[PDB]
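Inspection log for the structure reproduced underneath, given as structure tokens.
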Protein chains: 4
Amino acid sequence: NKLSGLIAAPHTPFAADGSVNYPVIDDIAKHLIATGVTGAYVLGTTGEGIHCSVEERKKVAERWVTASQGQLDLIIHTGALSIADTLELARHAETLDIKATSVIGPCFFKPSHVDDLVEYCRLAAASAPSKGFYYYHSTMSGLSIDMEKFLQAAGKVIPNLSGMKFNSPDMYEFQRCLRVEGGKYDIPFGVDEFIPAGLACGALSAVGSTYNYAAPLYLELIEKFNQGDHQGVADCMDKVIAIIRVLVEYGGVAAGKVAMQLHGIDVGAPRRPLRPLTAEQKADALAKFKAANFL
Amino acid sequence: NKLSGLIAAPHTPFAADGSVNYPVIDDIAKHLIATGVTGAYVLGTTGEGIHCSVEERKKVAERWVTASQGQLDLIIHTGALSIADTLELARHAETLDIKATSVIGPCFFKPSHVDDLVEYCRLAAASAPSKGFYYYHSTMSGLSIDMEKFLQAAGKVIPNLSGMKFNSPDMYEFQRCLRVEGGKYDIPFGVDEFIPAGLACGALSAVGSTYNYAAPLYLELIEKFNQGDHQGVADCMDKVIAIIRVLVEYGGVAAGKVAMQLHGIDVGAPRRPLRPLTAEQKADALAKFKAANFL
Amino acid sequence: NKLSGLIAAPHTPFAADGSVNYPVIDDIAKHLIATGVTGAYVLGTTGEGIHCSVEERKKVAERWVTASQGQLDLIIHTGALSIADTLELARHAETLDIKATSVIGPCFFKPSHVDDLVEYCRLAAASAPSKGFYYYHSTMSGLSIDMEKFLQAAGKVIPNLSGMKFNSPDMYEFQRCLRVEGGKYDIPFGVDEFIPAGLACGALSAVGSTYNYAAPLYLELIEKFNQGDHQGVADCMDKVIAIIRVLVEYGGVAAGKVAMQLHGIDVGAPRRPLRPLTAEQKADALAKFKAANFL
Amino acid sequence: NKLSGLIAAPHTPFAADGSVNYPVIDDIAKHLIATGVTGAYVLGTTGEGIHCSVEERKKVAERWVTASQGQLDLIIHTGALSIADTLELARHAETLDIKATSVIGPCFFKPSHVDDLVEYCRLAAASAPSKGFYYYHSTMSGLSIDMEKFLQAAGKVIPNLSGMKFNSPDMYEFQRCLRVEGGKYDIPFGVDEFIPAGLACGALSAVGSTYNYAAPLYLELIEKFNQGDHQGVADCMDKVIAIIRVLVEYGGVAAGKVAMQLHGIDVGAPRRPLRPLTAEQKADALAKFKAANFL
């Protein structure tokens, strides 16, 4: 069963001292359900998964299950630089009522051959075997492996392979991945500000940080696209562009976290090494988000 | 005013000894006109302009004017690493019945500030003042200058600025450039294998190498896209993808030059430093182009 | 007290099933002491620190203390993508009889401003305050921050700053770092195959993987350098080059681990995602190490 | 046979309007001879060769022959993006009383295989067959070809191959190149700010821009290095570092051109696309050069 619609990549909320603020996960989940989002990609980049300890990540995933009350497709990102940590997280995720697990490409010792990336993913997927498995392809990992070649090789050895979260501007590679094995795999599209391109290139779902706080804007864009209203799509993209400008100026995680206050949710600052916003910067970011006129 | 439809970036034909084979330009131009292409972007990357001497480039541009008989919008790429060469080529282009001149970003001493790239373009545009002027933005130049900021700054000091040929996968930047100065500028889209993305993001024209030999395929794709026939676009992209695979395997210039034989035109090998294809490779490339089923 | 001489960056030994083989740490330590190495940089890149869990890393550091019996300067790399993990590791290292802790630059969310990298390091250093602190500068982290600027800023806020392990070919930057604050800081040089350059540019110590199994070769090179025997330095570098060729062919961690069998120590395979060597590759690597003629 | 000592890479002097100011070449050459420089690498990066037209480059090379009166080893850089230009420049250089020609790696269509770079060089060397031939390896070209493999392959098909100008921080690669074919080839070292590293790694000569105006400083550094006076080398490098800081702040070509005024020589501004210095910046750069205390 492939994903559909908008899947948020939610933040992990931190208290003033940087500890995980677990009850605020309930707030985020309720907001996602209310705004038409169909799922959550948990503890990925936007969720600062790699900023949390193994024990924090287990507790965050458990809280997402209880908070979502079966109303969201849940995908748990279990990736970490340590295979010990990854497999421990995968074994825990296997005990949860979730749709799938996922790992991003290791970004320090960078796999440079298809087979090496496949074997890393095979281990993670085999530790959560009764759940689906998505590779998380991100340009932030800096890998040079072609994702069509990866998907073809991984499909032969990972029996619970579901597909790939695609965080890359390479729309040619995206289209080739959609065609692997006769279209078998699920390739949720990961670049929010490319959404007209994703739709035109065959995306069935999109996973992204801005759907945490601007999902109705994108649901309107999708409807205008389906209705052939090209001017309406452009008008929606005026507002999408205005959002992205704030993320570029102030940092995607930091500014996106501030944006949650436009829905009454204080998810705290990012964790170091990410830089927090000053009070002046937070007020400027909120003002620019409001001027974007999407709420 | 603005370009429309498909603009081919034609090859420069070389004889067996590597000299320019000027009469074959007549053949290419007749083919472009016959297949519905509306213009030619001359002596760019596909045309190996930087592989030709100043005197060769002057004669090539003259031959395109004569060969096209007023039936193609002609844009002459005048860019070179030497400003002396660039301005000599621009002064010559100013004497020709052409639509516009254009320069690519200098790729050795790479401009790193907006104003530095603007001043280089300003000199080139001012030597062909009565023609339009397109900046050629290519990721091959390796510059880190944002194209929206460039276009805003360039518009203030280049009075014949027409816009920008956009050879980059950054669809967010593309959409911002389309919006500069209330949509004043012309931003032809340069990434053939992204054409559904470009169209969905507002492209009014496309400029590319594959329109030299597969224009009917892309004309059909554009028709299906304008009709909202999403499956039709994907079916066309099956064939586009098959073409691109051959260019990736054998080299874009080298394989595209071979593809011209499918229309009876021998444009020779690329010039060194580009590598020529062996007889066996040429035959394999032609077989793969035929199997792509676009003719 | 600045480091002196050769500091090995030891491997972490794994058993056949990938678990940590703690008693083999005793073997490595005894070999380092016997071959004239003065210290160990523990759980860095060569030690696959980021491949181990927090609990594994604590136990590995404890074993290095007991194994070394006060005969080695010990520097514990505590860096991890999670600040929670890093500070937990630093708090544990503070309880150990070691010289210093160290963190590498975070490589996913890459700090792009000096102050942001400084604050990350300040937190790690302040959790092991009674030990020295070395920043681990590695080109593998992909950061664009100038290390002289970093050291000048970090010196103002990190009171236990000792200096920097310098794993970069930028010998100009290296020389500037040696001069910060009148030469206050310790800059162990991290590129083994550059050692003549490091010596000529003022290095007082070198930290590296090849000193695990080839320390006498480099001790001879250093003596020849000090004695003005330029031909002897070149002759030693013939053998250094032969070693590096094997690391390039088969992987630095994987081939270096195999090299430990030339001293009777089986440190196992690298952990995934690093690729293990086949039996045929291991035999070829050992044969090439022996042909290098350094043992 | 092989170069020795310091080889300056001289500037090309431009008049106020950007035209070549040929008589100032006489001034530069007289200064180089007076200060003990043994050769000139002409129309390379520092000489802005790729900023000059073919006819300008011919006349510049002719002026260097006349101005130097047989007292400098002359190497003419003939490289250009167009093979037509390169071979025309090489044919002209073959008529001159010079030591060698040279080409830099093409930087737009980047050769990615050894044999492709070899064939480009082979053509350029074969058009000036009675002169030596140096490949110019520069990281500015952005090629990923290993220079030892290149030199081994090039030696088999280029009979007048002399060696390689080495502008890269990879001292391991440098040392391997020095060893090719039993040490046959000449590998002048191109990174001024690394000169202690180059000397320690076997350099017999250095080619660089700062030897245009600080040759006595580097002659003293070489003397101290050959004496094994490690503190003396470091004291000289204090002044080298101070020079390099000005080039980093204001641009290597732009600031180095200004530095020629410290010897009474006005070589003008760089050519566009390089940015000129304002009057205030020129005065600040000259003050910083004077404070470096090398004159």
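Ligands are numbered from 1 in the order shown, chains are lettered A, B, ... in the order of the structure tokens, and residues start at 1 in each chain.
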
Rows by chain and residue number, chain C within 8 Å of chain D, shortest pair, only C-alpha atoms, as CSV:
residue,atom,partner,partner_atom,distance
C:169,CA,D:169,CA,6.0
C:170,CA,D:169,CA,6.5
C:171,CA,D:194,CA,6.1
C:172,CA,D:193,CA,5.9
C:176,CA,D:241,CA,7.6
C:193,CA,D:172,CA,6.1
C:194,CA,D:171,CA,6.1
C:196,CA,D:200,CA,5.5
C:197,CA,D:197,CA,4.0
C:198,CA,D:197,CA,7.1
C:200,CA,D:196,CA,5.6
C:201,CA,D:196,CA,6.2
C:202,CA,D:234,CA,7.5
C:226,CA,D:228,CA,7.9
C:228,CA,D:228,CA,6.4
C:234,CA,D:202,CA,7.8
C:241,CA,D:176,CA,7.6

Take the residues from that selection and write them out as a PDB file, in the first residue's frame, keeping C-alpha atoms.
ATOM      1  CA  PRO C 169      46.540  18.751   3.362  1.00  0.00           C
ATOM      2  CA  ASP C 170      46.358  22.526   3.860  1.00  0.00           C
ATOM      3  CA  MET C 171      49.909  23.150   5.062  1.00  0.00           C
ATOM      4  CA  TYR C 172      49.358  26.922   4.941  1.00  0.00           C
ATOM      5  CA  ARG C 176      48.931  29.550  10.734  1.00  0.00           C
ATOM      6  CA  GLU C 193      52.006  10.313   4.006  1.00  0.00           C
ATOM      7  CA  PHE C 194      52.779  14.044   4.295  1.00  0.00           C
ATOM      8  CA  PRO C 196      58.224  15.241   5.559  1.00  0.00           C
ATOM      9  CA  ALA C 197      55.992  18.254   4.882  1.00  0.00           C
ATOM     10  CA  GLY C 198      54.688  18.203   8.440  1.00  0.00           C
ATOM     11  CA  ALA C 200      59.343  20.946   7.593  1.00  0.00           C
ATOM     12  CA  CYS C 201      56.289  23.022   8.557  1.00  0.00           C
ATOM     13  CA  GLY C 202      56.945  22.740  12.290  1.00  0.00           C
ATOM     14  CA  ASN C 226      66.876  15.638  11.828  1.00  0.00           C
ATOM     15  CA  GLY C 228      70.067  16.258   7.323  1.00  0.00           C
ATOM     16  CA  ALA C 234      63.278   9.850   0.429  1.00  0.00           C
ATOM     17  CA  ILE C 241      54.239   5.381  -0.348  1.00  0.00           C
TER      18      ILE C 241
END

Checklist entry - Looking only at the backbone, which of the residues in stretch 33-280 of chain D does DSSP tag as strand (DSSP E), as a ChimeraX atom specification? => result /D:39-42,73-77,100-104,132-138,161-167,205-208

Can you write out the residues you just picked, keeping N, CA and C atoms, as a JSON list (two decimals), in the first residue's frame?
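So result16.json came out as:
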[["chain", "number", "residue", "atom", "x", "y", "z"],
["D", 39, "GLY", "N", 63.86, 31.76, -14.25],
["D", 39, "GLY", "CA", 62.98, 31.52, -15.38],
["D", 39, "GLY", "C", 61.65, 32.22, -15.20],
["D", 40, "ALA", "N", 60.84, 32.16, -16.26],
["D", 40, "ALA", "CA", 59.51, 32.75, -16.27],
["D", 40, "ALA", "C", 58.53, 31.78, -16.91],
["D", 41, "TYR", "N", 57.43, 31.52, -16.21],
["D", 41, "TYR", "CA", 56.32, 30.72, -16.72],
["D", 41, "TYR", "C", 55.26, 31.70, -17.22],
["D", 42, "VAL", "N", 55.17, 31.84, -18.54],
["D", 42, "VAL", "CA", 54.53, 32.99, -19.20],
["D", 42, "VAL", "C", 53.12, 32.64, -19.64],
["D", 73, "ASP", "N", 65.05, 31.04, -18.30],
["D", 73, "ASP", "CA", 64.35, 29.89, -18.87],
["D", 73, "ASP", "C", 62.90, 30.28, -19.13],
["D", 74, "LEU", "N", 62.45, 30.22, -20.38],
["D", 74, "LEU", "CA", 61.11, 30.67, -20.75],
["D", 74, "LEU", "C", 60.23, 29.46, -21.05],
["D", 75, "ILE", "N", 59.11, 29.35, -20.35],
["D", 75, "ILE", "CA", 58.08, 28.34, -20.62],
["D", 75, "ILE", "C", 56.81, 29.08, -20.99],
["D", 76, "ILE", "N", 56.28, 28.81, -22.18],
["D", 76, "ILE", "CA", 55.10, 29.51, -22.69],
["D", 76, "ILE", "C", 53.87, 28.64, -22.49],
["D", 77, "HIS", "N", 52.92, 29.11, -21.69],
["D", 77, "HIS", "CA", 51.64, 28.40, -21.56],
["D", 77, "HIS", "C", 50.78, 28.69, -22.78],
["D", 100, "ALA", "N", 60.30, 25.63, -23.36],
["D", 100, "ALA", "CA", 59.22, 24.66, -23.36],
["D", 100, "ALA", "C", 57.88, 25.36, -23.56],
["D", 101, "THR", "N", 56.88, 24.58, -23.97],
["D", 101, "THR", "CA", 55.48, 25.00, -23.92],
["D", 101, "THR", "C", 54.76, 24.21, -22.83],
["D", 102, "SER", "N", 53.51, 24.59, -22.57],
["D", 102, "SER", "CA", 52.76, 23.98, -21.48],
["D", 102, "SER", "C", 51.27, 24.21, -21.70],
["D", 103, "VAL", "N", 50.43, 23.26, -21.26],
["D", 103, "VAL", "CA", 48.98, 23.47, -21.26],
["D", 103, "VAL", "C", 48.40, 23.06, -19.92],
["D", 104, "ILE", "N", 47.44, 23.85, -19.45],
["D", 104, "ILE", "CA", 46.65, 23.52, -18.27],
["D", 104, "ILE", "C", 45.49, 22.60, -18.66],
["D", 132, "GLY", "N", 60.62, 21.62, -25.03],
["D", 132, "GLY", "CA", 60.11, 20.78, -23.96],
["D", 132, "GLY", "C", 58.62, 20.99, -23.79],
["D", 133, "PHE", "N", 58.00, 20.13, -22.98],
["D", 133, "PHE", "CA", 56.56, 20.23, -22.74],
["D", 133, "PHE", "C", 56.24, 19.90, -21.29],
["D", 134, "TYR", "N", 55.58, 20.84, -20.61],
["D", 134, "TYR", "CA", 55.14, 20.64, -19.23],
["D", 134, "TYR", "C", 53.62, 20.63, -19.17],
["D", 135, "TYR", "N", 53.03, 19.58, -18.59],
["D", 135, "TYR", "CA", 51.62, 19.69, -18.24],
["D", 135, "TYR", "C", 51.48, 20.62, -17.04],
["D", 136, "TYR", "N", 50.47, 21.48, -17.07],
["D", 136, "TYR", "CA", 50.19, 22.35, -15.94],
["D", 136, "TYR", "C", 49.03, 21.73, -15.16],
["D", 137, "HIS", "N", 49.35, 21.09, -14.04],
["D", 137, "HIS", "CA", 48.34, 20.53, -13.15],
["D", 137, "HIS", "C", 47.90, 21.59, -12.15],
["D", 138, "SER", "N", 46.63, 21.99, -12.21],
["D", 138, "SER", "CA", 46.09, 23.00, -11.30],
["D", 138, "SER", "C", 44.77, 22.52, -10.74],
["D", 161, "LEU", "N", 57.97, 15.18, -23.65],
["D", 161, "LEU", "CA", 57.47, 15.44, -22.30],
["D", 161, "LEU", "C", 58.61, 15.75, -21.34],
["D", 162, "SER", "N", 58.55, 16.92, -20.72],
["D", 162, "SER", "CA", 59.51, 17.33, -19.71],
["D", 162, "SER", "C", 59.04, 17.06, -18.29],
["D", 163, "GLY", "N", 57.76, 17.14, -18.04],
["D", 163, "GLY", "CA", 57.25, 16.94, -16.70],
["D", 163, "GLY", "C", 55.95, 17.72, -16.49],
["D", 164, "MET", "N", 55.85, 18.32, -15.31],
["D", 164, "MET", "CA", 54.57, 18.85, -14.85],
["D", 164, "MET", "C", 54.80, 19.99, -13.87],
["D", 165, "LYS", "N", 54.12, 21.12, -14.09],
["D", 165, "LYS", "CA", 54.02, 22.16, -13.06],
["D", 165, "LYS", "C", 52.92, 21.76, -12.08],
["D", 166, "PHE", "N", 53.23, 21.71, -10.78],
["D", 166, "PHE", "CA", 52.37, 21.04, -9.80],
["D", 166, "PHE", "C", 51.72, 22.07, -8.88],
["D", 167, "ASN", "N", 50.48, 22.46, -9.20],
["D", 167, "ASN", "CA", 49.72, 23.43, -8.40],
["D", 167, "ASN", "C", 48.58, 22.68, -7.71],
["D", 205, "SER", "N", 62.77, 22.92, -7.87],
["D", 205, "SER", "CA", 62.46, 24.28, -8.29],
["D", 205, "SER", "C", 61.05, 24.60, -7.85],
["D", 206, "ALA", "N", 60.76, 25.89, -7.78],
["D", 206, "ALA", "CA", 59.43, 26.37, -7.44],
["D", 206, "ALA", "C", 59.00, 27.40, -8.47],
["D", 207, "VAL", "N", 57.74, 27.33, -8.89],
["D", 207, "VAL", "CA", 57.20, 28.28, -9.85],
["D", 207, "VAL", "C", 56.00, 28.96, -9.21],
["D", 208, "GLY", "N", 55.98, 30.29, -9.22],
["D", 208, "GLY", "CA", 54.96, 30.97, -8.45],
["D", 208, "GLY", "C", 54.87, 32.45, -8.72]]

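The coordinates place atom CA of residue D:106 at 23.2 Å from atom CA of residue D:7.
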
Next on the checklist: I'd like the contact shell of residue A:288 - 12 Å cut-off, only C-alpha atoms, skipping same-chain residues fewer than 5 positions apart - returned as a PyMOL selection string.
Outcome noted: chain A and resi 239+241-247+249-250+255+258-259+262+281-283+293-295

Checklist entry - In Å to one decimal, how far is atom CA of residue C:14 from atom CA of residue C:270? => result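 Taking atom CA of residue C:270 and atom CA of residue C:14, their separation equals 7.5 Å.
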
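What separates atom CA of residue B:31 from atom CA of residue B:61 is a distance of 17.3 Å.
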
Checklist entry - What's the 7 Å shell around stretch 93-95 of chain B, counting only C-alpha atoms, without same-chain residues fewer than 6 positions away, as a list in words? => result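 What passes the distance filter is residues 128, 130 and 131 of chain B.
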
Let me see the file: selected residues, N, CA, C and O atoms, as a PDB file, in the first residue's frame.
ATOM      1  N   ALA B 128      26.983  44.363 -28.260  1.00  0.00           N
ATOM      2  CA  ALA B 128      25.935  44.024 -29.225  1.00  0.00           C
ATOM      3  C   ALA B 128      24.637  44.675 -28.768  1.00  0.00           C
ATOM      4  O   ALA B 128      23.651  44.001 -28.456  1.00  0.00           O
ATOM      5  N   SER B 130      22.084  46.449 -29.976  1.00  0.00           N
ATOM      6  CA  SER B 130      20.774  46.443 -30.616  1.00  0.00           C
ATOM      7  C   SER B 130      20.157  45.055 -30.680  1.00  0.00           C
ATOM      8  O   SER B 130      19.057  44.905 -31.225  1.00  0.00           O
ATOM      9  N   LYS B 131      20.831  44.042 -30.136  1.00  0.00           N
ATOM     10  CA  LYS B 131      20.282  42.700 -30.037  1.00  0.00           C
ATOM     11  C   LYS B 131      19.897  42.423 -28.592  1.00  0.00           C
ATOM     12  O   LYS B 131      20.391  43.075 -27.668  1.00  0.00           O
TER      13      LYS B 131
END

Neighbours of residue B:82 within 8 Å (only C-alpha atoms; same-chain residues fewer than 4 positions away dropped), as a short mmCIF file (atom, residue, chain, number, x, y, z; two decimals) with N, CA and C atoms, in the first residue's frame?
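Listed below is the output, selection_22.cif:
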data_model
loop_
_atom_site.label_atom_id
_atom_site.label_comp_id
_atom_site.auth_asym_id
_atom_site.auth_seq_id
_atom_site.Cartn_x
_atom_site.Cartn_y
_atom_site.Cartn_z
N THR B 86 35.48 37.67 -26.41
CA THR B 86 34.04 37.84 -26.23
C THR B 86 33.54 39.12 -26.88
N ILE D 50 44.68 33.11 -20.41
CA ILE D 50 43.36 32.85 -20.95
C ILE D 50 42.50 34.10 -21.02
N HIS D 51 42.98 35.23 -20.51
CA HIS D 51 42.26 36.48 -20.70
C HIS D 51 42.68 37.22 -21.96
N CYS D 52 43.72 36.75 -22.64
CA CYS D 52 44.25 37.41 -23.82
C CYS D 52 43.82 36.68 -25.08
N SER D 53 43.70 37.43 -26.18
CA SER D 53 43.41 36.81 -27.46
C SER D 53 44.62 36.04 -27.97
#

Next on the checklist: Just list as a VMD selection string whatever in stretch 21-265 of chain D DSSP marks as helix (DSSP H, G or I).
Outcome noted: chain D and resid 23 to 34 49 to 51 54 to 68 83 to 93 114 to 126 139 to 141 147 to 157 171 to 183 192 to 200 210 to 212 215 to 226 230 to 250 252 to 263

Suppose we keep C-alpha atoms; can you now write the selection as a compact mmCIF listing (two decimals), in the first residue's frame?
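Writing the result to part-v8.txt gives the following:
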# COMPACT_ATOMS: atom_id res chain seq x y z
CA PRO D 23 56.94 47.81 -22.84
CA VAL D 24 56.23 47.01 -19.18
CA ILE D 25 57.20 43.40 -19.95
CA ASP D 26 60.75 44.77 -20.36
CA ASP D 27 60.50 46.19 -16.82
CA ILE D 28 59.28 42.92 -15.31
CA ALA D 29 61.95 40.86 -17.05
CA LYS D 30 64.76 43.19 -15.93
CA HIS D 31 63.50 42.95 -12.36
CA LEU D 32 63.30 39.15 -12.44
CA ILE D 33 66.85 38.85 -13.76
CA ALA D 34 68.16 41.32 -11.18
CA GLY D 49 46.93 34.03 -20.46
CA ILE D 50 43.36 32.85 -20.95
CA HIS D 51 42.26 36.48 -20.70
CA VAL D 54 45.52 34.49 -29.59
CA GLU D 55 47.18 37.46 -31.27
CA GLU D 56 47.87 39.11 -27.91
CA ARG D 57 49.40 35.91 -26.54
CA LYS D 58 51.71 35.60 -29.56
CA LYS D 59 52.95 39.17 -29.12
CA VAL D 60 53.36 38.74 -25.34
CA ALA D 61 55.48 35.62 -25.83
CA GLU D 62 57.61 37.42 -28.44
CA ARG D 63 58.15 40.33 -26.05
CA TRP D 64 59.32 38.00 -23.28
CA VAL D 65 61.96 36.52 -25.61
CA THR D 66 63.29 39.96 -26.56
CA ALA D 67 63.07 41.38 -23.03
CA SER D 68 64.83 38.47 -21.32
CA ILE D 83 42.21 23.16 -29.55
CA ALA D 84 42.39 25.42 -32.62
CA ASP D 85 43.72 28.28 -30.48
CA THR D 86 46.04 25.95 -28.54
CA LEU D 87 47.65 24.50 -31.65
CA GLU D 88 48.01 27.93 -33.28
CA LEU D 89 49.76 29.19 -30.12
CA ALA D 90 51.96 26.07 -30.01
CA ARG D 91 52.96 26.44 -33.67
CA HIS D 92 53.96 30.03 -32.91
CA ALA D 93 55.86 29.09 -29.75
CA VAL D 114 43.78 9.45 -18.21
CA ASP D 115 43.87 8.67 -21.92
CA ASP D 116 41.64 11.63 -22.76
CA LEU D 117 43.89 14.12 -20.98
CA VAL D 118 46.96 12.45 -22.52
CA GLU D 119 45.61 12.85 -26.05
CA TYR D 120 44.84 16.54 -25.55
CA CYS D 121 48.38 17.13 -24.26
CA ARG D 122 49.84 15.00 -27.06
CA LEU D 123 48.35 17.26 -29.72
CA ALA D 124 49.62 20.40 -27.99
CA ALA D 125 53.13 19.01 -27.51
CA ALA D 126 53.32 17.74 -31.10
CA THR D 139 43.29 22.32 -8.85
CA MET D 140 41.54 25.27 -10.52
CA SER D 141 40.80 22.96 -13.46
CA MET D 147 48.87 12.80 -11.93
CA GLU D 148 51.17 9.79 -11.44
CA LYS D 149 48.98 7.71 -13.76
CA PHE D 150 48.80 10.63 -16.19
CA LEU D 151 52.57 11.04 -16.25
CA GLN D 152 53.17 7.32 -16.77
CA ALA D 153 50.73 7.22 -19.69
CA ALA D 154 51.85 10.52 -21.19
CA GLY D 155 55.50 9.45 -21.12
CA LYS D 156 54.74 6.62 -23.54
CA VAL D 157 53.30 8.81 -26.31
CA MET D 171 52.06 16.22 -1.41
CA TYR D 172 51.56 12.44 -1.64
CA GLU D 173 50.75 12.72 -5.36
CA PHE D 174 53.68 15.14 -5.75
CA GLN D 175 56.09 12.61 -4.27
CA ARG D 176 54.74 9.85 -6.52
CA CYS D 177 55.19 12.03 -9.61
CA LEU D 178 58.80 12.76 -8.70
CA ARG D 179 59.43 9.01 -8.77
CA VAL D 180 57.89 8.18 -12.17
CA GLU D 181 60.30 6.54 -14.66
CA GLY D 182 63.11 6.51 -12.12
CA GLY D 183 62.91 10.25 -11.56
CA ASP D 192 54.31 29.21 -2.86
CA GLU D 193 52.78 29.11 0.62
CA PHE D 194 53.69 25.40 0.88
CA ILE D 195 57.34 25.88 -0.11
CA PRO D 196 58.85 24.21 3.04
CA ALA D 197 56.62 21.22 2.32
CA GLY D 198 57.62 21.13 -1.34
CA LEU D 199 61.32 21.31 -0.51
CA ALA D 200 61.01 18.59 2.13
CA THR D 210 55.04 35.74 -5.30
CA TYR D 211 58.55 35.34 -6.74
CA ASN D 212 57.72 38.36 -8.93
CA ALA D 215 62.19 36.51 -4.48
CA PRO D 216 64.93 37.46 -1.94
CA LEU D 217 62.70 36.29 0.92
CA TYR D 218 62.26 32.88 -0.68
CA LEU D 219 65.93 32.64 -1.67
CA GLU D 220 66.75 33.10 2.02
CA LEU D 221 64.14 30.51 3.01
CA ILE D 222 65.70 28.01 0.59
CA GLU D 223 69.15 28.70 2.03
CA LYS D 224 67.90 28.11 5.59
CA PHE D 225 66.10 24.94 4.54
CA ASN D 226 69.18 23.53 2.81
CA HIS D 230 64.39 24.90 11.02
CA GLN D 231 63.86 28.11 12.99
CA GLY D 232 65.23 30.13 10.09
CA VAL D 233 62.66 28.59 7.73
CA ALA D 234 59.85 29.33 10.18
CA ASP D 235 61.01 32.94 10.56
CA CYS D 236 60.94 33.33 6.78
CA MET D 237 57.48 31.72 6.69
CA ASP D 238 56.18 34.38 9.11
CA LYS D 239 56.73 36.82 6.24
CA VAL D 240 55.44 34.47 3.52
CA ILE D 241 52.24 34.01 5.53
CA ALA D 242 51.85 37.78 5.84
CA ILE D 243 52.06 38.09 2.03
CA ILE D 244 49.56 35.31 1.43
CA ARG D 245 47.01 36.91 3.77
CA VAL D 246 46.86 39.92 1.45
CA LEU D 247 46.30 37.72 -1.60
CA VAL D 248 43.49 35.89 0.20
CA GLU D 249 41.83 39.16 1.23
CA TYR D 250 42.00 40.98 -2.11
CA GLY D 252 45.71 36.65 -5.88
CA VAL D 253 46.01 38.26 -9.31
CA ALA D 254 44.68 41.65 -8.21
CA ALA D 255 46.80 41.96 -5.08
CA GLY D 256 49.92 40.53 -6.73
CA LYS D 257 49.60 43.06 -9.54
CA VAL D 258 49.46 45.84 -6.92
CA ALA D 259 52.55 44.40 -5.22
CA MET D 260 54.60 45.10 -8.37
CA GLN D 261 54.38 48.79 -7.46
CA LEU D 262 56.76 48.00 -4.57
CA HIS D 263 59.37 47.59 -7.32

Next on the checklist: Counting only C-alpha atoms, which residue out of B:143, B:9, B:214, B:98 sits closest to residue B:35?
Outcome noted: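 So, comparing all the options, the nearest one is B:214.
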